[PDB]
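# Descriptive analysis of the structure
Each chain, written out:
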Amino acid sequence: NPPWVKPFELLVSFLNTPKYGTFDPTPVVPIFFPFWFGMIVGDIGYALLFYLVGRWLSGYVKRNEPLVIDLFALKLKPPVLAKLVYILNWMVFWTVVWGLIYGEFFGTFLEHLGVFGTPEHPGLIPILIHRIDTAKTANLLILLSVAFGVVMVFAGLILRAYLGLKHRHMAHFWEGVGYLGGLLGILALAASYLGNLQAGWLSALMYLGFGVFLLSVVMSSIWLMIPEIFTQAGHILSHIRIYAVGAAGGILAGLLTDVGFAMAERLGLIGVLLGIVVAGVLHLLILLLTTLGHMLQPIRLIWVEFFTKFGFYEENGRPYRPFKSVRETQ
Amino acid sequence: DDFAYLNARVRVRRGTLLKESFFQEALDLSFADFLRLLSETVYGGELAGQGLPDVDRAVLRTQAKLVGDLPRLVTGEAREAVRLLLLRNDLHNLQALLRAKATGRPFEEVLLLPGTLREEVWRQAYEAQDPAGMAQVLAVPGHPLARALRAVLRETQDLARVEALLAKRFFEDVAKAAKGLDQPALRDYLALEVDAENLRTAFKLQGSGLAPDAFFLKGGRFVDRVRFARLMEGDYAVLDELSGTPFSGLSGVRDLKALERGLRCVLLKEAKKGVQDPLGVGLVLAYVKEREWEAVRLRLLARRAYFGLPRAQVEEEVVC
Amino acid sequence: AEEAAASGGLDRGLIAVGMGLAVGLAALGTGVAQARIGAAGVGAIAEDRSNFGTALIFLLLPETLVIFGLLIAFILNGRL
Amino acid sequence: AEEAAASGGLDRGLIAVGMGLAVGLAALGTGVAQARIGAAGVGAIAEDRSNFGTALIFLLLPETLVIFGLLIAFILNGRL
Amino acid sequence: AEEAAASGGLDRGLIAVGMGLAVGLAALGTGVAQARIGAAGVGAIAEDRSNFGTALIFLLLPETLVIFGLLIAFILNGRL
Amino acid sequence: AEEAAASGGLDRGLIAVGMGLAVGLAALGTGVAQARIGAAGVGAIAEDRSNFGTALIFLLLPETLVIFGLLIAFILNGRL
Amino acid sequence: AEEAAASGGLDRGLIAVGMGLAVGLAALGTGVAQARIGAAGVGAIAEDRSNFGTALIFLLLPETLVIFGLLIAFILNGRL
Amino acid sequence: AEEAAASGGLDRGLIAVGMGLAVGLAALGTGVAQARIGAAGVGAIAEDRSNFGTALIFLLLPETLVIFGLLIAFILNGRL
Amino acid sequence: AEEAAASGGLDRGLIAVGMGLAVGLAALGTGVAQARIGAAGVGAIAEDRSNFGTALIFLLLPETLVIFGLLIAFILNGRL
Amino acid sequence: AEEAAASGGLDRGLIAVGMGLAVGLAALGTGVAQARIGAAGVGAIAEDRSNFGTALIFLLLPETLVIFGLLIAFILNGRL
Amino acid sequence: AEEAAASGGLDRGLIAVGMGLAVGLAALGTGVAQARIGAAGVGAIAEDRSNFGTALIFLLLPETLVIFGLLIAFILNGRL
Amino acid sequence: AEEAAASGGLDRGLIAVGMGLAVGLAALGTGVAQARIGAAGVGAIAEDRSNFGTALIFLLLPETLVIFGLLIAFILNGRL
Amino acid sequence: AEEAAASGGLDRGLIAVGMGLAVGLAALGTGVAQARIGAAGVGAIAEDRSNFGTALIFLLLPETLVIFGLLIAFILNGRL
Amino acid sequence: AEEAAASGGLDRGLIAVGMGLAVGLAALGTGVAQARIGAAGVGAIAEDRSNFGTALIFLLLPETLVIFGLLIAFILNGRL
């Protein structure tokens, strides 16, 4: 299938080349994909209009100045460079298309009379009411993202340990195994906050035997950065805080469209349909600019793990090239 | 950022500036005894050999460890400021490096030093033969001679002309930044230093074969591009219309020695009042100027002492 | 606060007072951080036109503090 | 919502004041953020008059935080 | 708010507090940023007298924030 | 409050405090702004005192923000 | 009010709450602007006594802002 | 528990007040602090272009304090 | 407020608090304003001995602002 | 830290705001303290790979304030 | 305020709160003023020993500000 | 309040907030002061590698103030 | 009584808040004042050893604000 | 509050908030004043042992400010 096989084909040159006992950076691309696709989840005013933006890059229009015949690789970028990122352009298209579907996902909780009391067809324009303005409905989608972050923490920490296993370097080995002790304690404390009255007495007692696992083989490794374990927990907190912003900020972009493409004038009567566009034109571009900032959250997510050592080459230089230059063509 | 620690280190180092009474006792000395006198002070901890070139190198080693590490020991707004004073010596260093590259002669017989541009940067530049390689090496620290260079070198690659234009663009950029740090002592120092530079530059670079208006610079008083050309042809009638300067009394004088003495002594006193704003770059600005003028003076005395030149040939200069 | 006229009670109001400090201080810092990167950055974007984009990204990067204060405040009012 | 104690209830008023702190702080910080970007902006026109657009889009970025907050407060206190 | 301030409401008062932040921050930040351009501006006119005008269009740019406060102002007036 | 009613109460009092925030901010920013253009003025005299005139003309421009800010306060804290 | 009786009103006292921000802030600002201008004056006396006149006109411009800040307060509170 | 003033009385009231302060201080200290790494950070990308990745991880290091302070406040203020 | 004793009534009390901010802010300003001319002034005395008076007159001027403020505060106190 | 009936209630809550203070102050002080040192230091290791350990142990010293505040808060309000 | 030492209500206590500001910030600002001017007097003594006296008298001028703050607070709490 | 507090509730809890303030301001000062010296210290450890220790030791002294306030609060708010 | 009480009451606490600003702000101010004036002073010893005595008198003068601020707090919280 | 033993009671509790301001601010100023002297001292020992002492006597002088704050708070709390 084009979505996985096409970028997967370029990862084949790096399959062939290993430089450590950690497994080659092939899993990275499907870890990237959910969060990347999931960055567009807006409504009528954002996600469902995004269609136009995808078609420019993977297709060819005249609308933008340096883009003429993309088929001859004409871009801002050099003609060759544009040919190199055809693969990416296709994946940008899949990203925009998965963004349109998560617009219809979005209108499951913002339209139909089978899911909420909101009209199945409004008398003005679809997405006249927002019901993702209720704290709890919005929260559950946040907590869904947070979980994917716990998984990525596990994925990295197995990879951290594997490096010393097949490279035969004990220091890294000891660090990857000991840190997973910390994970039992992350999951305990979390259960008590995610379900609320789930633990709190079954993770105050058990927490204590979970903390000893955390440092037990870390002390064989020695480690004369004892405080630095605050920052290792922090790294966990950074994957949570980034998936969270990707969720919350996702819904938030759409809730600004509440006074943008629906209703913000009169009494909310039928005439707002042809009055709202007054505001629409202004918000649109402002919104566009800030959601480009939201698509940088993926590569910021990779950099916590990639560039701060959790099974990967990067951390203070080192052989192999940054994941940014790798995904750039893929 | 941060000048607190830097300023504190620089005050302690003042404790070892060479006093006026040094240079009084020194005039009565020959070369062997000056060296015995010199070795007591802090330049003395880097003094080597009984040859004159070995003394010159001993001055350089002192300057390296006490002035050239100073941009490195601080960052942010502080580094930019310390840099701006050091840039002017980097400009002597670049001109010499560039000339060794263009005329195909060794790396050697240049005067380098470390600061913003380190010893290895200059070595890298020499080793990047292509003008484009050269241009990118220099862009690495991002320093204002780079940005002046990028603009300048596109127009023309004629060596003497690259230097001249590199100086004017480099000074237009500097004048703004130094006025812009909003320290009154530095701004007063800057207006006179500039007025002084325009005058001095015309005397040195007459007969080069270049334009007059490729040696003018931003901060200039009554002086203009037309007057600079007047001076470069050799007319001192520009000075009798020049006024408001405290340099106004060096007007009417043709004698080279007497003019340069007067410019230099004013700038010395001007900088010394930089301690009335010790905050910020004041204290380091004062320090750099006093340590340069002591090194010049070490060199004037040594030569006078070795070769049997008159006491009065340097006694007049050492007391302003 | 996601709900601050869609739910009433003095209880909801207290939550907004405490949370309001968080998003507001976070908004102050983010704006300033960007401004500082932005003053410095003009020299880099000007000279390297093959590296202006590193500078743009760096201005963006402090955003994560402001949006986190806003979200935690949004979730907590109208309850989780 | 709005503060009221003689036109509506106290319950609404408590929420309004709490949400106001946030705009309150943010207004302070964008004002400060404005100084630094204004300093920087003249160099961009000075060096490259021809490439004005890159400088305006930069200048635009801290302005967004305050305007965005104002719009957030309009959605919340426009219902009641 | 709603035209009344001699018989006005505690509601009207809340809008006035929120409104005071908008125009006030915009003025503070705009005043300072514009002045920074002008300050730079003595150097700017000096260097290039011919393109004094570009420096001026930049100095007018932080005004957009000021107009924005007024625009909020207009909508919010006549209500609550 | 009002700028003609010599007597009022609690309601009126909130508007008066709130519109009072705007003038305070405008005043803050004009004083800090005036300072920059003034620091800049020393250059103007020094380099070529023919550019002393220019410095004065920049310097008037931040005054507009405090006089403008007083207008916003004046209409709103005295409607009718 | 006045130091003499027959003056004072609650609405006027309330404006006094808000307006106090202005006199303090305007005063801070007038002083800092004024001091920079004072720093220019050291240059004005040293270079040209004859053009001392530039410093005086300069020094007069920040004076507007405290005097103005003061003048609004006295009318709104101290009217009668 | 929650931040309220009328589900637990005074005992509750005190929690809401006090607890907001903490988040406030943590947000404030990071915000001022971030600006220093970002402005310094420009020299590092310039000199060590090859190592842009080391600069990014330095900018990330202050994020960690604020995120802990938010997670804790988020849990504590919805503890019930 | 009353200039002496108790204010009596909560309203009179609030007015006392509000006039206190104004003297406070004006005084804080006096000090910082003075530092900027004061550091410069020493040079004015040293260089331009003939004009030692000039540094002094400049320094006296932000002091006048805090006294001017006391007259406003004194006048409102003893009455509403 | 913990959530439950016996680790979340109103009695328990007084413990939690008090413990919450500790994170807050430490977050503030460490964030500023770490950043300037961290910004200069990351540069040092980045240029020279022979002083690389030194910077890192230096950096840890300001961090201590957050670990000691977090540790106190966790222990005391991990029981009740 | 006046005749306060363990008596007076909420009302009296509020004049003590407000008035406290004037001396306190005035001492704060005094400190600053002294710190820049004082630093410059050291520079001056260093160059010319003979004007030990000028530096010491000038350093006594910001002392006046702290006393000025005291006078304000005392007057406003009890009418002399 | 705390669990090792000799008695708990709102009354102990109140003490906890105010006394918590003092260590917080201590923290604010230590951290910003520490940032200045740590940033400069990097050149010293970089040059004088065998004497890294002296730089480490200079850094600890302002920290002392923050720890000390933590102990006083601990004792006062909890005898056991 | 005169800054000295035992069990105390709520009224004595409101007087305490007001006066507590003075001891703090005087001490704060003295802290900025010694650091500048003193730091230029280490240099006076370095350059000209004889006149170590000029450094000691300079330093001594900012001490006068912290003692005066403490005395005001003592006086004020117990005048007749 | 009280240092006599325990610290409970509502009556103590207001006093506790008020007294913390002096300790807080006094530490804040001591922090700034001290740090620069601590870092400079290492430079003194490193450069020249014989005048190690000057840096040492200077350090003591901000110590006095934090202890004065502690002492005022201690004496008032529980008669010492």
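As a numbering rule, every chain is indexed from 1 in the order its sequence is written, which need not reproduce the entry's residue numbers; residues that lack coordinates are not presented. Working convention: letters from A go to chains and numbers from 1 go to ligands, in the order in which they are written. A larger assembly contains the chains shown, yet all values here describe just the shown part. Note: side-chain values were computed over all heavy atoms of the structure, leaving out hydrogens and water. Residues with missing side-chain atoms are left out of burial classes, side-chain pairs and their counts.

## So, the overall build of chain A
We count it as follows: Starting at the N terminus, helices and strands are each numbered in turn, a helix being any DSSP run of H or I of at least four residues and a strand any DSSP run of E of at least two. We call two residues contacting when some pair of their heavy atoms lies within 4.5 Å.
Each helix and strand in chain A was counted, giving 13 helices and zero strands. For chain A, the N- to C-terminal ordering of α and β elements is α-α-α-α-α-α-α-α-α-α-α-α-α. If one aligns the C-alpha atoms of chain A with their principal axes, the spans along those axes are about 75 × 60 × 30 Å. Pairs at least 24 apart in sequence give 54% of the contacts found in chain A among residues at least 6 apart.

## Notes on the overall build of chain B
Quick reminder of the rule: Atoms considered for the radius of gyration are the C-alpha atoms alone. The globule rule reads 2.2 Å times the number of residues to the power 0.38.
Counting its secondary structure elements, chain B contains 14 helices and zero strands. The order of α-helices and β-strands along chain B, N terminus first, is α-α-α-α-α-α-α-α-α-α-α-α-α-α. For chain B, the C-alpha radius of gyration of 20 Å lies close to 20 Å, the compact-globule estimate for 320 residues. Overall, the C-alpha framework of chain B stretches about 55 × 45 × 40 Å when taken along its three principal axes.

## A look at the domain arrangement of chain B
Residue and element names in this part refer to chain B. Note the threshold: The domain boundaries here were taken from an automatic or database domain assignment.
Under the domain assignment used here, chain B contains domain 1 (1-75 + 280-320), domain 2 (76-181) and domain 3 (182-279). Averaged C-alpha coordinates put domain 2 and domain 3 at centres separated by 23 Å. Each partner contributes to the interface: domain 2 provides six residues, whereas domain 3 provides four residues.

## A short note on the UniProt feature "transmembrane region" (unreviewed entry) in chain A
Residue and element names in this part refer to chain A. The following threshold applies: UniProt positions are given in the numbering used here, feature names are shortened, and annotations may be inferred rather than shown by experiment.
Listed under "transmembrane region" (unreviewed entry) in the UniProt record, and renumbered for this structure, are residues 31-53, 84-103, 140-165, 177-195, 207-230, 242-263 and 269-292. What you have in residues 140-165 is 100% helix and 0% strand, and the ends, taken at the C-alpha atoms, are 39 Å apart. Secondary structure within residues 177-195 divides into 89% helix and 0% strand; the distance between the first and last C-alpha atoms comes to 28 Å.

## Concerning the relation of the copies chain K and chain M
Defined as follows: Alignment of copies: least-squares superposition over the C-alpha atoms.
Rotating chain K by 23° and moving it 0.2 Å along the rotation axis overlays it on chain M with an RMSD of 1.8 Å. Mapped onto chain M, only 6% of the interface residues of chain K are again interface residues, and the two copies thus contact each other with different surfaces.

## Here's the deal with the interface of chain J and chain L
Worth spelling out the cut-off: When residue character is reported, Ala, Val, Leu, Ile, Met, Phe, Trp, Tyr, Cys and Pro are called nonpolar, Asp, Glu, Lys and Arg charged, and the others, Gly included, polar.
Each side of the interface is counted separately: chain J has nine residues, and chain L has six residues. Here the residues of the side of chain J that touches chain L sort into six nonpolar, two polar and one charged.

## Re unusual backbone geometry
The phi dihedral of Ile127(A) is positive, around 70°, even though this residue is not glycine. Among the secondary structure elements, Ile127(A) is positioned in the loop between helix 5 (86-106) and helix 6 (135-167). Look at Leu80(F): it is not a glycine, yet its phi comes out positive at around 55°. Along the polypeptide, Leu80(F) turns up in the segment after helix 3 (63-76).

## What about the packing of helix 1 (residues 10-47) of chain K against helix 1 (residues 10-47) of chain M?
The following threshold applies: Interaxial angles span 0 to 180 degrees and are taken between N-to-C directions of axes, which are lines fitted to C-alpha atoms, for helices over the stretch in contact. Orientation categories follow fixed angle ranges, with anything under 35 degrees roughly parallel, anything over 145 roughly antiparallel, 65 to 115 roughly perpendicular, and all other angles oblique.
At a minimum axis separation of 7 Å, helix 1 of chain K and helix 1 of chain M run at an interaxial angle of 5°. If you check the angle between helix 1 of chain K and helix 1 of chain M, you find them roughly parallel. In contact with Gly13(K), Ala16(K), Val17(K), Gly20(K), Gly24(K), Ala27(K), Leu28(K), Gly31(K), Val32(K), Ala35(K), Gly38(K) and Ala39(K) of helix 1 of chain K, helix 1 of chain M contributes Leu14(M), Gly18(M), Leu21(M), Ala22(M), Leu25(M), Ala26(M), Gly29(M), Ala33(M), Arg36(M) and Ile37(M). Each residue belonging to the contact of helix 1 of chain K with helix 1 of chain M can be placed in one class, and the counts come to 14 nonpolar, seven polar and one charged.

## Observations regarding helix 3 (residues 63-76) of chain C
Quick reminder of the rule: Take the residue count of a helix, subtract one, and multiply by 1.5 Å to get its expected span.
Here helix 3 of chain C contains 14 residues, and its C-alpha end-to-end distance of 21 Å stays within 8% of the 20 Å for a straight helix at 1.5 Å per residue. Looking one or two residues beyond helix 3 of chain C, the residue adopting positive phi is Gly78(C), at roughly 95°.

## Comments concerning the arrangement of the chains
Ranking by contact count across 20 pairs of chains in contact places chains K and M at the top. Chain K makes no contact with chain G, the minimum C-alpha separation between the two being 11 Å. For chain I and chain L, which are not in contact, the least C-alpha distance works out to 19 Å.

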